[PDB]
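S.K.: Questions regarding the structure given below will be posed in turn.
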2 protein chains.
Amino acid sequence: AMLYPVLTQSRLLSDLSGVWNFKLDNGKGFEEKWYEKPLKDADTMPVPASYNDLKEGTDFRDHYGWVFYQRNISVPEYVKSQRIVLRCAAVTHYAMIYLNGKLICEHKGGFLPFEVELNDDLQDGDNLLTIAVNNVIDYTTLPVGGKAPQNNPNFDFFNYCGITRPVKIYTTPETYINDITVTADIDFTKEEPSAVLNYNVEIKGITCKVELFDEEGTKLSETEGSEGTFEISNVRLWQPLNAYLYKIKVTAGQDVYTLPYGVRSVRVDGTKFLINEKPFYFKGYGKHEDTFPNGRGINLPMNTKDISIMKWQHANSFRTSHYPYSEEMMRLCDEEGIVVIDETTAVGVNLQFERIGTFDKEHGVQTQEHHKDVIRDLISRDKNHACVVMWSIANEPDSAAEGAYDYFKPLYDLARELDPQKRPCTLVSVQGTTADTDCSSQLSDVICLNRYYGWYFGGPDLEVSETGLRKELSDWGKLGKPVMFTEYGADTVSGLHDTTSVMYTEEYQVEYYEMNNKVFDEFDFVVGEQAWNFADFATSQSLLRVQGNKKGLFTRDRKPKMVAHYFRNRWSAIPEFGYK
Amino acid sequence: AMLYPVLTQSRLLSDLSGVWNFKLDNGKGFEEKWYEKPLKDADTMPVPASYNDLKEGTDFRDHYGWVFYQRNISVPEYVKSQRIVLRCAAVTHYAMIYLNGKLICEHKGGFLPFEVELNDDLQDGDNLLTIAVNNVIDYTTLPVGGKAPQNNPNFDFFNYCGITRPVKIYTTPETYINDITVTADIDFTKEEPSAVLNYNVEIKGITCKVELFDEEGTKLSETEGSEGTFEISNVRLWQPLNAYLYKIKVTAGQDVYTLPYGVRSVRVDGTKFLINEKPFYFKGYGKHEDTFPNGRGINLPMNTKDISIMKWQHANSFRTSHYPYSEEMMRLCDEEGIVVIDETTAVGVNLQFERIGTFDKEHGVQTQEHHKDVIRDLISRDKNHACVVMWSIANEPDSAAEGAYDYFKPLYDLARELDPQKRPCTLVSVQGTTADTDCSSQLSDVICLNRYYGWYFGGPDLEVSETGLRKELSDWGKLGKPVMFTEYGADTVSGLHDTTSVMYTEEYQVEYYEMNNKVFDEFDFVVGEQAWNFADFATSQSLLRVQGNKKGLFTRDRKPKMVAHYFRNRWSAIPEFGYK
Ligand SMILES: CNc1nc2sc3c(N4CCN([C@@H]5O[C@H](C(=O)O)[C@@H](O)[C@H](O)[C@H]5O)CC4)nnnc3c2c2c1CCCC2
Ligand SMILES: CNc1nc2sc3c(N4CCN([C@@H]5O[C@H](C(=O)O)[C@@H](O)[C@H](O)[C@H]5O)CC4)nnnc3c2c2c1CCCC2
Ligand SMILES: CNc1nc2sc3c(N4CCNCC4)nnnc3c2c2c1CCCC2
Ligand SMILES: CNc1nc2sc3c(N4CCNCC4)nnnc3c2c2c1CCCC2
């Protein structure tokens, strides 16, 4: 369980972000005890941020192995009173915290938070904090390092690493709040729908009371109970592009924490994805925590810029593509009313492109245990987010291979059981699968395709490509379930133009999406269009990557390609609800 | 034999270029007799020029089959006196001339001239000229159409077709000059070298006398003899970047034709490519008759612009890449002193990339007969060009396959025997061959490689790529022959920049050439560096082509990439002669 550190009367918060000392491991790093003494001949390195692009030459950009972040720490003795904790929101890949020279914590997983307490190794005076980060990826990591001394991603984005998100120090009373959970039942029956919310607070280390406020701070109800309930008639339902967030003050044993919460219902019904009992239609794109020169590092300004562009463009949703995003971005979609598809680090679980099969148990992937710890850690983190309407177990696994069904079912189950809101589960299907062959047809509530008819398939022949896409999508309808496209797009170099289009031209990109959009619009069970990608992003080099991935509607610096004006006009004529 | 039509006291010249009528064959074209009546519902189409890009939509750009050019013709009766001839300098692929409705000529081969006489079907009044052009390419065409209703080039440029070069009407006395030939012997021994030129005139249908002038029109010697000789002491030797052209007036039977000619010697000696008994070093690039929206159409202005840029850049040579260039460009290099490697249409003679082998005689290529007619027609056309120092039988054939040696030897032989100057012969070797495996090691006077260490091989690892290129080039030296690189380069999108380079960036392109150029400079038997390509050009669409081929040093409109300034600085510090 991981609550978002905030400033409360009961808890303090001090950011450690800034320029830290930094050294690339030379192999002999751990041998000598760098985590013991202050790094020598060190380099400077802002935190929070990916370090790959922040220096010059390939030696930083393409480093294999470990790096050492190092910074000094010092708390006021008058604080030992309360509990001292170190929250690392995300260290890409493996983290190893040393204080004063001793290991204190260790973590696997580059995109989710982890904490460690400091009360009993926090010395007096100036303490030597050391965070060593490893970037190696393999068949035991999610995301999955392939075989082709260098990391070779089995995924189409660059392997940005370092202290990707912030490192803070918060405190707490000795017995504290540790995990608040809230769910809602809404009775749309009444012409003025109302709702009953179920609280479930948890403490560790006494009386606990719950206060419920409205948008403006107006209190409206109170109760006591580490597992009580609450009633709200004439309830302001959170809605896509129309967020309403209540707030919640849990006072419990000299400790109080506040939580926003939006009241809405998610439910699949036949070929309809329903939000607050209405037939939604996804409009938006798959995104990437990718900016220059931050790498995958957190970027509050671009977060707001990205959401400003989405509203300008008349979109309503995005998918945390290939990894969970920052907590800040998740809260922002709550405030702004952005429907989010929250997705795990499970990309590259596919060895298809003697031959080893993906789910061979001696020579194939070794990810299921960690895949489970991710599903749990992620749902623990974002369970209370009204923006989250669905979960994505994995992006493009070899889901039509043998071993496939056996791999994923234990993970779907774990997901369906750990979501206090029992939200729809899916996985994003790669090109090649079909209704009959895809283990997703059974395990998933929503069929999410990534199809590229007009690019990989059939490009530059958009007629032949249309025939293919009708044929395949037609078949997908026989499952009687909601199907949305989570990726489709074409690599386009901003600036390349032509009257009779050729591939890579802004005109070819617009035509591609006209064909796909025409076919989408023929099937009432298509409940979503999400283009890949929102914006150009960095990938590993290869002959097929024109200085990265150029499938964005926008450039890496958020300037619109012609296609961005095509979608803005199309999405403006398509409602959040009732499109079918 | 084909003399360049010019204006002489004995012969007239009238260009037919302009906007002709034009219709795409619909299949039923030949059935109905379009070549008989005036085209109906016709379109407009400039000649000379490739027609693919001159209209909108894929229907022109990607047409499979025949098109019909049609224009009216009318000569003044007072001309029937003399012989009337129609010279088509180049109709891409197959040509079929109809006059008044009757076929008069037929041709195969899209890049060389062919004529037909008109005296006895040239009616009085207005005659209906019709030129039908076919664009289909196959295992019987040079260049070679692959299997992958559409043409699929087995070569990396777009299949531009139509009346690529001009169509004129010249006349002649009844007995006329038909082919002048001149060769030279130079006695560098004397401190003031002199030379003896051997004339060899030919007539068809009488006295013939030869006049010899100098640059400014000063006569200097005369003689009589359809096979006489001539003497020139203190001779002005044509030289790279220092052209001196004498002129030659052949008066013979009321017919006179003038010819420029430059005196120079070409001779290989060990690992030295010698021009006028000096160790030359090729500096330049492989080019393409490719401009917008002309297609492969002739372009006198860009010809002069291209040659202006070459002198600005301190280059000395270029290769007629994948097909003979226009006669105008050939004469221009004579005037301007550009060393040219004249090359045939023989590209795509390679099926490597049950499996058919290139030179299978039932299922592989069927090009050798035509390949021979090309070698003869080409040498007949350009034999007297001082700029031509070498012949290229084919670009990147599967020269290390079985059948290879048997295919090419008859063609090398035919070439070595038909060049009145016995000039060096070669063929350009694809990536994969080695000294031991390449039938070129024996048949060729100069080893011409196309290597891509840093792109296809090894990119983005320029270290590994350097190790490979040293290893391979080292081996090539064991043949004790001159080796030059006729292609090397990297696809670069003008405008993409970075401090730590990634592929496709102008910086990566400059680094690529620094590595290759460093290694080249280690081997005294490397006698040439020619980059691919001079300028960005159109190709068929595919995932590996960013709106065409972007390996130019210049953009398709002749603007320099950063790499163009790298070469200009490097080539300025490297002499035409004595570099080794
Ligand atoms: C019709 N038959 C084909 N089907 C396919 S599928 C495929 C392929 N994947 C697709 C799916 N993406 C997904 O989409 C995005 C993207 O690719 O840009 C990624 O950014 C994103 O992270 C990822 O989720 C990951 C990788 N990569 N390369 N080639 C192909 C290919 C090809 C063909 C025909 C031959 C040429 C290649
Ligand atoms: C090191 N191993 C490789 N070696 C090679 S070779 C090759 C290839 N040809 C080369 C040579 N060109 C010539 O050079 C120019 C160009 O290619 O741009 C053409 O314009 C020009 O007309 C033509 O003369 C014609 C085509 N095309 N595609 N891939 C390759 C490839 C590859 C690899 C490794 C795997 C990836 C692909
Ligand atoms: C794991 N992600 C991928 N998935 C796929 S699927 C497919 C394909 N198709 C699919 C449709 N059925 C016929 C064959 N052809 N080529 N490459 C691919 C392909 C690739 C990748 C990533 C590596 C590069 C190629
Ligand atoms: C006829 N022109 C070519 N020549 C070549 S050579 C080579 C290669 N290499 C060469 C070095 N030895 C190992 C294998 N790999 N992939 N493609 C190629 C390749 C291609 C083409 C044109 C079609 C596309 C690929």
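Since every read-out is calculated from the coordinates, none of them should be taken as a lab result. Here the Cβ positions follow ideal geometry from the backbone for every residue, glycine too, while neighbour counts run over all protein chains shown.
S.K.: What are the extents of the Cα atoms of region A:174-265 along their three principal axes, in Å, largest first?
M.R.: 45, 22, 20
S.K.: If you don't mind, another one. With a/c under 1.5 counting as rounded, go ahead and sort region A:65-198 into rounded, prolate or oblate using the C-alpha gyration tensor (a ≥ b ≥ c being the square roots of the eigenvalues; past the cut-off, prolate if a/b is larger than b/c, else oblate). Provide the component values of the computation, followed by the final result.
M.R.: Working: a/c = 3.46, a/b = 1.17, b/c = 2.97.
Cα axes put region A:65-198 in the oblate bin.
S.K.: Using the Cα centre of region B:461-568 as origin and beta-carbon charges of +1 (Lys, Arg) and -1 (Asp, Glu), tell me which of B:554, B:526, B:513 is placed farthest towards the positive end of the dipole.
M.R.: B:554
S.K.: Considering only DSSP beta bridges where both residues belong to the protein assembly as shown, give the percentage that are antiparallel (nearest 5).
M.R.: Details: 168 of 230 bridges.
Around 75 percent antiparallel, to the nearest 5.
S.K.: Here is a follow-up. Which percentage, to the nearest 5, of the DSSP beta bridges contained in chain A is antiparallel?
M.R.: Roughly 75 percent of the DSSP beta bridges within chain A come out antiparallel.
S.K.: So, one more: Pairs B:311/B:561; B:80/B:204; A:272/A:580; A:247/A:272: which are spaced more than 20 Å apart, C-alpha to C-alpha? Spell out each step's value before the answer.
M.R.: Values: B:311/B:561 17 Å; B:80/B:204 18 Å; A:272/A:580 9 Å; A:247/A:272 30 Å.
Among B:311/B:561; B:80/B:204; A:272/A:580; A:247/A:272, the Cα-Cα distance tops 20 Å for A:247/A:272.
S.K.: With label points built 7 Å along Cα→Cβ from the Cα atoms of residue B:231 and residue B:352, find their separation and express it in nm.
M.R.: 5.5 nm
S.K.: Roughly what % of DSSP beta bridges within region B:266-580 run antiparallel, to the nearest 5?
M.R.: Once the DSSP bridges in region B:266-580 are tallied, antiparallel ones form about 25 percent.
S.K.: Let me ask something else. Using only the Cα atoms of region B:439-502, construct the convex hull and provide its projected area averaged over every direction, in square nanometres to one decimal.
M.R.: 5.4 nm²
S.K.: Let me ask another. Explain nothing, just the number: dipole magnitude of region A:382-514 about its Cα centre with +1 on each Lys and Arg Cβ and -1 on each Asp and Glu Cβ, in debye rounded to the nearest 20.
M.R.: 700 debye
S.K.: Can you give the convex hull volume of the alpha carbon atoms of region A:13-116 per residue, in Å³?
M.R.: Per-residue hull volume (Cα only) is 117 Å³.
S.K.: Another question, if that's okay. Can you give the charge dipole size of chain A about its Cα centre, rounded to the nearest 20 debye, using +1 on the beta carbon of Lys and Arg and -1 on the beta carbon of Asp and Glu? Intermediate results must be reported in sequence, preceding the final value.
M.R.: Details: 61 positive and 85 negative charges, 126 e Å.
In total the dipole reaches around 600 debye.
S.K.: Ordered by packing density, taken as the mean number of other Cβ atoms within 10 Å over each peptide's residues, highest first, how do A:226-233, A:1-8, B:87-94 rank?
M.R.: Per-residue Cβ counts within 10 Å, averaged per peptide and sorted highest first, yield B:87-94, A:1-8, A:226-233.
S.K.: Which pairs, out of A:55/A:287; A:422/A:481; A:28/A:372; A:372/A:409; B:283/B:372; B:108/B:550, put more than 22 Å between their alpha-carbon atoms?
M.R.: A:55/A:287; A:28/A:372; B:283/B:372; B:108/B:550
S.K.: Another question, if that's okay. How large is the dipole of region B:266-580 about the Cα centre if only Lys and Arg carry +1 and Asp and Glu carry -1, each at its Cβ, rounded to the nearest 20 debye?
M.R.: It works out to roughly 680 debye.
S.K.: Can you list the residues, at least 5 places off or on another chain, whose amide H is less than 5 Å from the amide H of residue B:427, using H built in the peptide plane?
M.R.: B:393, B:448
S.K.: With bins 5 Å wide starting at 0, give me the P(r) of region A:213-369 over every alpha carbon pair, in whole percents.
M.R.: 2, 7, 12, 14, 14, 13, 13, 11, 7, 4, 2, 1, 0, 0
S.K.: Could you give the nm distance between label points at residue B:189 and residue B:402, where each point is 7 Å from its Cα heading toward the beta carbon?
M.R.: Output for this residue pair reads 5.3 nm.
S.K.: What is the projected area of the convex hull of the Cα atoms of chain A, averaged over all directions, in nm²?
M.R.: On the way: hull surface 108.8 nm².
Reported value for the Cα convex hull: 27.2 nm².
S.K.: Could you tell me which of B:286, B:299, B:578 has its Cα farthest along the dipole of chain B towards the positive end, charges placed at Cβ (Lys, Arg +1; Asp, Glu -1), taken about the Cα centre?
M.R.: Positive-most Cα among the choices belongs to B:299.
S.K.: With a 10 Å Cβ neighbour count serving as the proxy for reagent exposure, in which order, fewest first, do B:508, B:257 appear? Please report the intermediate quantities before stating the final value.
M.R.: Working: B:508 26, B:257 23.
Fewest-to-most Cβ neighbours within 10 Å comes out as B:257, B:508.
S.K.: Further question: Sorted by mean Cβ packing within 10 Å, highest first, what order do the peptides A:102-114, A:338-350 take?
M.R.: Ranking the peptides A:102-114, A:338-350 by packing returns A:338-350, A:102-114.
S.K.: Near the amide H of residue A:13, under 5 Å away, which other amide H atoms are found, from residues 5 or more places off or on another chain, if H is placed in the peptide plane?
M.R.: Amide H neighbours of residue A:13: none.
S.K.: I'm a student and want to see the number: the projected area of the Cα convex hull of region B:111-175, averaged over all directions, in nm².
M.R.: Taking a quarter of the hull surface, the average projection is 7.1 nm².
S.K.: For B:308, A:494, B:317, what's the fewest-to-most ordering of other Cβ within 10 Å of each Cβ?
M.R.: Numbers: B:308 12, A:494 19, B:317 26.
Going from least to most buried by this count: B:308, A:494, B:317.
S.K.: If you don't mind, another one. Label region B:266-580 by shape, choosing from rounded, prolate and oblate, from the square roots a ≥ b ≥ c of the eigenvalues of the Cα gyration tensor; if a/c is under 1.5 it is rounded, and otherwise prolate applies when a/b is larger than b/c, oblate when it is not.
M.R.: Note, shape of region B:266-580 comes out rounded.
S.K.: May I ask which residue of A:346, B:158, B:353 lies farthest towards the positive end of the charge dipole of the protein assembly as shown, with charges of +1 (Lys, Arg) and -1 (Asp, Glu) on Cβ and the Cα centre as origin?
M.R.: Towards the positive end, the residue furthest out is B:158.
S.K.: Under the classification rounded if a/c is under 1.5, otherwise prolate if a/b is larger than b/c and oblate if not, where does region B:208-249 fall, given a ≥ b ≥ c as square roots of the Cα gyration tensor eigenvalues?
M.R.: Verdict is prolate for region B:208-249.
S.K.: Sort B:306, A:406 by Cβ crowding within 10 Å, fewest neighbours at the top.
M.R.: Exposure proxy ranking, most exposed first: A:406, B:306.
S.K.: Would you please report the Å³ per residue occupied by the convex hull of the alpha carbon atoms in region A:328-383?
M.R.: Dividing the Cα hull volume of region A:328-383 by its residues yields 97 Å³.
S.K.: Report the far tail of the P(r) of the protein assembly as shown, meaning the percent of Cα-Cα pairs longer than 52 Å.
M.R.: Numbers: 256465 of 672220 pairs.
Result for the distance tail: 38 percent.
S.K.: Taking each pair of different alpha-carbon atoms in region B:438-580 once, compute 1/r for the pair, average those values, and report the inverse of that mean as the Kirkwood hydrodynamic radius in Å to one decimal.
M.R.: Result for region B:438-580, one decimal place: 15.9 Å.
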